[PDB]
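The figures that follow rest on heavy atoms only: side chains count, while hydrogens, waters and symmetry mates do not. Just so we're on the same page: letters track the sequence lines, and every chain starts at 1.
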Amino acid sequence: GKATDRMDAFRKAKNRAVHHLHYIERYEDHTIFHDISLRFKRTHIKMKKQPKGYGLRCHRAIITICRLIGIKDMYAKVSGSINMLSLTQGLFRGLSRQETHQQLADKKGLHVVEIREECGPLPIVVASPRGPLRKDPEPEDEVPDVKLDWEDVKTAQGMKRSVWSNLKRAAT
Amino acid sequence: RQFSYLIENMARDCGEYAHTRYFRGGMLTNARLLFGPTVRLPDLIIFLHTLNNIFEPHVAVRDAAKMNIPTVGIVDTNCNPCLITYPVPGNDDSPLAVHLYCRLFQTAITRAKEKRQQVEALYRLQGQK
Amino acid sequence: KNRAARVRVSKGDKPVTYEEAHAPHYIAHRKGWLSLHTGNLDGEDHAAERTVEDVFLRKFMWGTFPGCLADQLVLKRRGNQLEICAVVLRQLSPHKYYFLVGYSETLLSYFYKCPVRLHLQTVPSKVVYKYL
Amino acid sequence: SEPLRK
Amino acid sequence: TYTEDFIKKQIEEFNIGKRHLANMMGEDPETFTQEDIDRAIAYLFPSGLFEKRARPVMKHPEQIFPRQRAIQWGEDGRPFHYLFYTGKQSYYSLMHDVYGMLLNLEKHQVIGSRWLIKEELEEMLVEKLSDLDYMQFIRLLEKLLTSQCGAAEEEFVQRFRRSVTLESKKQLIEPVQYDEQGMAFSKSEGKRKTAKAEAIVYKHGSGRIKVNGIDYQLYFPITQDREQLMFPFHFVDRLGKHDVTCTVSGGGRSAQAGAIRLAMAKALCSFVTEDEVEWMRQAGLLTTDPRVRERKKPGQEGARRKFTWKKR
Amino acid sequence: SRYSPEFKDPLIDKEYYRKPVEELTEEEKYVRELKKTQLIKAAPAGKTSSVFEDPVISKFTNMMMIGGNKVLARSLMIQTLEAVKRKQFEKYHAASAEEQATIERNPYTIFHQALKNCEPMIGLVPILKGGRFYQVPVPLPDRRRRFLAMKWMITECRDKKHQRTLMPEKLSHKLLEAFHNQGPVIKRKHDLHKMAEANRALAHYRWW
RNA sequence: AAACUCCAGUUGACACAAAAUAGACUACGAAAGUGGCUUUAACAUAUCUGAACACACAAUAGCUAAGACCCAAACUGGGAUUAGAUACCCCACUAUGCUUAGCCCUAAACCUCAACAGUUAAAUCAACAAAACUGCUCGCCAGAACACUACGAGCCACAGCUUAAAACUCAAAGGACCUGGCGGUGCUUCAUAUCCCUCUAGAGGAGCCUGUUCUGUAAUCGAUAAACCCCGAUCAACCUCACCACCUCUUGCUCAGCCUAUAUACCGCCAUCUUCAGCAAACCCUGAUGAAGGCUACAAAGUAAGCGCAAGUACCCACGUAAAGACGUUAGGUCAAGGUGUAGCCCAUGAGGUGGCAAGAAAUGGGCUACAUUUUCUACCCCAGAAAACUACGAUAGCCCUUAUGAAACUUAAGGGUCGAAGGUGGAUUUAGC
RNA sequence: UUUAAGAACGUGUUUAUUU
Ligand SMILES: [K+]
Ligand SMILES: [K+]
Ligand SMILES: [K+]
Ligand SMILES: [K+]
Ligand SMILES: [Mg+2]
Ligand SMILES: [Mg+2]
Ligand SMILES: [Mg+2]
Ligand SMILES: [Mg+2]
Ligand SMILES: [Mg+2]
Ligand SMILES: [Mg+2]
Ligand SMILES: [Mg+2]
Ligand SMILES: [Mg+2]
Ligand SMILES: [Mg+2]
Ligand SMILES: [Mg+2]
Ligand SMILES: [Mg+2]
Ligand SMILES: [Mg+2]
Ligand SMILES: [Mg+2]
Ligand SMILES: [Mg+2]
Ligand SMILES: [Mg+2]
Ligand SMILES: [Mg+2]
Ligand SMILES: [Mg+2]
Ligand SMILES: [Mg+2]
Ligand SMILES: [Mg+2]
Ligand SMILES: [Mg+2]
Ligand SMILES: [Mg+2]
Ligand SMILES: [Mg+2]
Ligand SMILES: [Mg+2]
Ligand SMILES: [Mg+2]
Ligand SMILES: [Mg+2]
Ligand SMILES: [Mg+2]
Ligand SMILES: [Mg+2]
Ligand SMILES: [Mg+2]
Ligand SMILES: [Mg+2]
Ligand SMILES: [Mg+2]
Ligand SMILES: [Mg+2]
Ligand SMILES: [Mg+2]
Ligand SMILES: [Mg+2]
Ligand SMILES: [Mg+2]
């Protein structure tokens, strides 16, 4: 919203946002369906899925948007240019292009089974295809040709030292 | 402009509307201001020519998708059907084809209008007795 | 730029009256005169005393009817009489209007040595000609 | 303007 | 905004107030036209304001309130016109009708009149129009006339034409009068600057002119002034045939001559042919000269001159 | 002006209206019909339909007037015409039999010819080129040279060289000289023609 | 201008210099670079990448030696321009540009876009530019400046090249854009008393009137490029009056007062662009939802209240002149019209009385009257008579006297007498008028 | 392709009924 007086700019932006609403899909109504990693212009956003109770550990703006959407638990790291307008335009972009468990099953005609450490080896079926279930399995891949992120690999190997990560903060 | 008269007549015959003239900005997105706050926008738009006079998509194709209005369009080999809901690939230049499209849409609409009057008359007649 | 008796344009939220919305170059074309007497006519006299009486009356009535006047006064002189015509609001109680009519009519008769009469016309709210 | 000269 | 119900209540107050106003003035409420209302409102509420649109007025609500378009959709919400979503259903329905009559002609095969102006076309259509829109519609109408239009077409085109009152630039002849003796003459008046002259021109004379009871050559010593008196009669070849007796007042030396020249010429138009009167008009002998002294302005030395300007 | 653009200038010509309809051309006939509809200005006091009216002498009189005193300017004009007339009669009676056939006594014919012998064919215009001014020869229009002849004649007489000599006697003397292609006014015209010939090469500086 | 004038023009003879057109072609070479003709020799590698530990090349300029010399030409000289001109313009001439044998090894050496292989689909994609990417490899860069620097080392290089830091200092530097302004910025169309040319009368010279600046005085204030300067003042002998000196009063004409400071705190009333036509609420859309932007009528995203212009109205109309003229610009003018925020005085920064200054060495603005013959005086109000250069034209100046107003006049005004000055139509420059 | 044409001190210009 733009205007000369600040009270007039709040109205234009507020009344015009309800006409450009998105719908964000949520996994169990508390987090996203999968890890997201995109780049809107120069701003990188790498969101991760987390279980219940993890809370929101992300940029303060993302904390304020997520509460509006209804996402209680998720981690996000912003890199590149911290521009509030590219950060916001990219957040809504990746949260709308995320594939749910039902679309995935229908796409490949296979069962989507959830494996949890708390529930042991019990296979939990979260989604199944509505159409004909395929009889052949996916070809097991010896080594996957997937691009990795040095930041995540460096943390899993106990090498990312930082006196600012995993700090005790207030509830979000 | 070659088929502006033909289309305006068909809309009048089938009790429908037509807009063959220069499309002023905001007829759909800013309608309440142009017409009035209690105006009712179309429920279906039919494009007999999806291009304007400069060989570019008509602005209503994008403005209709903004207002959540389904569109029917006659797309030729130099048109964009990405935002057209029900596209019909066919010639949109020769007069022998435009007369057909108008004759088909004028008939399908006239039938449905008369088909509901028969369904209602039966329901009303059956309801009383 | 000229400033006399002009209400400057604003965003559009300011209400003005008919007399307050026209500038001095309309005083005999679209407005009249708020005072009517013979002092300023050719060959007449005592135009200076009639002006001091007018200036005092507009202030006496502004402070005697505080927050009640909807528009400027209209003073009229027919010979010895002096007729004050005012447009007032309806917030005040009629009991208090009749008190002030008799108090002002009397006080002004003994001050200016002339029979004075006051005519009120109540309106619900200040009339608005347009919004500037 | 340039300062005045003595 | 003013609704139809509001207008209907204003029609009832005017009708009742029209019967009161006739009871005040002592007239017959039945035969009380709108001309009598305007005369009674100017007596009861006398206002000398120079603007006539700012004076008290008691007219019919159909002439006070501006015409407004009717509602264009019903309860269900469907508009009543098929060209509604254009925003100019009235302007385009007209262009659609005219262009439909131009197709029929192809198949089976002004002095007083002026094309409707833009502001007068908006009232007919009750629609706001641009300039270029007005020109497009006028081009179709003209194209309609060139073709062999039928009788029904002419009636249509005449709805968008307005008659014009053509003025006549023909001098008005004065009535020839007769005196006690029986001599024919004609009287007229002239005006130059502040000079005002009344001239009496006799039909038959020996070329004698008397200004204020004095012979012309004595009253106008300057030759230029006498040349002016000679111009009207010389132009029509009537020198030494009429006797003039005029009286001029005000003005100066040369303004009194020009004022007399004009009066003599106007009065001389009764004893000449129409073709000659037209020639006098095309020569500038029957036209009052509007050139008068211009006023001085404050902050100036004269009417147009300015004070000396100093850049520094 | 207090006249509107619709108003047209009047035609004081008296022999124009008398023209028969048979002589009127298709274009001229149309013109006459048009004027009936148009509005016409009021004829000014300067010009009448007289037979002695001379527009050239009326303009020269206006160029001598000072402060709106037309009575005095016209007085000086007629005195000059009378002085030129008397000087020729005195030179006509004292002339020989065959010398009286080449002596013009009409003052008007002398006034028009004297001014025509003073009209310059070409003039000069200061054209700014390279931070300098140049006197570039230029063809003068028909009006310009008619105005210059009058202005030079009036300026010479108004000169201070003449001491206690009245204008009618000064102007009359110049008109005779100019009529004979003599005097300073003619020299002024020749000087202009000599400065244009020396600056002939500068003609290319002109663009129009 | 200088220079040349054993110069110029026609014709003929005549190069160790430079290579029109073709070329609207886009080829050769590692790059540099290569465009007149002929001939000889001749343009690496059957995978790719790869040497800043080496080798061989490398425009122009420049160094060394020996030659050639049409033309061009740093340097230099002369001419001109300029406040100066060690430059831009003109002339002349040299190193140098060419050949031969060696050296020097630099460039915006930039197509600022590495080599090989491969792709056009997905998120195409900050912006601009020449669309966005994958695999592999080498080289290179890590805030600006210090720094194409110092030291060290190497080199036929000795005022050189290559490699290349540090201390102190800063909180920015930088790249690409939006809007506006400006341009001794282009094209096109124009200005109407306006830009030039072109018309008419004036100012700048003299005297006088009047204002201002300086100077002066114990002795106001304010305006003071356009947009001050007969401006606040449609007006100062006392009064007015706020100034100076002296004297005097203290709850004071006022439920006090202050013409004390601040117009850069304001209301109020105005100047100015305006001799303009735009300002803009509320919505919509575009730009990937950036600062911002929003038009084409055979129409492509604009709809627009309101203000202004316009329209109406006043004066003698339809003309013209007045009036009107928005938002903003110059912290423009006014606290001394009045009112007023903030600050300050209260035996004084307040109040009253008497008297008094308001001048001119000097410069300048505006205006009046003149320098005369289209004039001067008289009569007349336009058919006259006289005057006309040291007793002419020419002071509204000076001096003297009288009168008017007033309590008060060398002082203000009027008149008379006396006086008869400068001035001989005015330099650069400059105002107004359809 | 078309004369010349220099200069302008330092700071300061945006938020919650009689009787
Ligand atoms: K380059
Ligand atoms: K002068
Ligand atoms: K002077
Ligand atoms: K002066
Ligand atoms: Mg097609
Ligand atoms: Mg003004
Ligand atoms: Mg004048
Ligand atoms: Mg290799
Ligand atoms: Mg290398
Ligand atoms: Mg080299
Ligand atoms: Mg060399
Ligand atoms: Mg040479
Ligand atoms: Mg030199
Ligand atoms: Mg040499
Ligand atoms: Mg060289
Ligand atoms: Mg190169
Ligand atoms: Mg490089
Ligand atoms: Mg390489
Ligand atoms: Mg650095
Ligand atoms: Mg270097
Ligand atoms: Mg070095
Ligand atoms: Mg070293
Ligand atoms: Mg002063
Ligand atoms: Mg000052
Ligand atoms: Mg000041
Ligand atoms: Mg005094
Ligand atoms: Mg005193
Ligand atoms: Mg004081
Ligand atoms: Mg100010
Ligand atoms: Mg004005
Ligand atoms: Mg207006
Ligand atoms: Mg200021
Ligand atoms: Mg002045
Ligand atoms: Mg005297
Ligand atoms: Mg006395
Ligand atoms: Mg004398
Ligand atoms: Mg300097
Ligand atoms: Mg500066």
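By the rule that a glycosidic angle within 90° of 0 means syn, G/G252 counts as syn. Classified by its glycosidic torsion, G/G306 falls in the anti category, the angle being over 90° from 0.
Using a 4.0 Å cut-off between charged nitrogen and carboxylate oxygen, E/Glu294 and E/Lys297 count as a salt-bridge pair. Here E/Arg55 does not pair with E/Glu51 in a salt bridge; the nearest charged N to carboxylate O distance is not below 4.0 Å.
As a whole-Å value, the separation of B/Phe35 CZ from G/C284 P is 16 Å.
A Watson-Crick or G-U wobble pair links G/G211 with G/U364, both defining distances under 3.5 Å. G/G320 and G/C315 make a Watson-Crick or G-U wobble pair, with both donor-acceptor distances under 3.5 Å. The bases G/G278 and G/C307 are paired, Watson-Crick or G-U wobble, with both atom distances under 3.5 Å. A Watson-Crick or G-U wobble pair links G/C243 to G/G356, both relevant atom distances lying under 3.5 Å. Under a 3.5 Å limit on both donor-acceptor distances, the bases of G/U82 and G/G50 fail the Watson-Crick or G-U wobble criterion. Nucleotides G/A144 and G/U169 satisfy the base-pair criterion: a Watson-Crick or G-U wobble arrangement whose two donor-acceptor distances both fall under 3.5 Å. Nucleotide G/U411 is annotated as unpaired relative to G/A127 [Watson-Crick or G-U wobble, both distances under 3.5 Å]. Between G/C158 and G/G180, neither a Watson-Crick nor a G-U wobble pair is formed under the 3.5 Å criterion for both distances. Entry note: G/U378 and G/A384 meet the pairing test, Watson-Crick or G-U wobble at under 3.5 angstrom for both distances.
When Watson-Crick and G-U wobble pairs are counted only if both distances are under 3.5 Å, G/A117 pairs with G/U134. Remark: G/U163 base-pairs with G/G152. Criterion, Watson-Crick or G-U wobble with two distances under 3.5 Å. Using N1 to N3 plus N6-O4 or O6-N4 for Watson-Crick, or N1-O2 and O6-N3 for G-U wobble, each under 3.5 Å, G/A343 pairs with G/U260. Nucleotide G/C53 forms no Watson-Crick or G-U wobble pair with any nucleotide shown, as no partner meets the under 3.5 Å limit on both distances. Base pairing analysis places G/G350 opposite G/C249; the two distances defining the Watson-Crick or G-U wobble pair are each below 3.5 Å. When both pairing distances are held under 3.5 Å, G/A44 makes no Watson-Crick or G-U pair with any nucleotide shown.
For the pair F/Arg144 and F/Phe147, the cation-pi test (distance below 6.0 Å, angle within 45°) is failed. Annotation: cation-pi pair F/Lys41/F/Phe7 absent, no NZ/CZ under 6.0 Å from the ring centroid and within 45° of its normal.
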Summarise protein proximity over nucleotides 429-434 of chain G in one line of letters, 5' to 3': B for base, S for sugar-phosphate only, - for none, counting protein heavy atoms closer than 4.0 Å. --SSSS
In the 5'-to-3' direction, what one-character label does each nucleotide of nucleotides 292-312 of chain G receive under the scheme B = base within less than 4.0 Å of a protein heavy atom, S = sugar-phosphate only, - = no such atom? B----BBBBBBB-S-S---BB
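Base stacking is present between G/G67 and G/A68; both the centre distance of their six-membered rings (under 5.5 Å) and the plane angle (under 30°) fall inside the limits.
Below the 3.5 angstrom threshold, one finds no donor paired with an acceptor across the side chain of A/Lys41 and the base of G/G290. In the interface, the side chain of F/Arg132 is not paired with the base of H/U3 through any donor and acceptor atom under 3.5 Å apart. Residue B/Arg32 places no side-chain atom within donor-acceptor reach of the base of G/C283, judged by atom type and a 3.5 Å distance cut-off alone.
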Polar atoms only, N or O, under 3.5 Å: list the protein pairs with nucleotides 380-387 of chain G and their distances.
none

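Sugar pucker of G/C347: south, since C1'-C2'-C3'-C4' comes out negative.
Comparing the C1' positions of G/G398 and G/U411 gives a spacing of 15 Å, expressed to the nearest Å.
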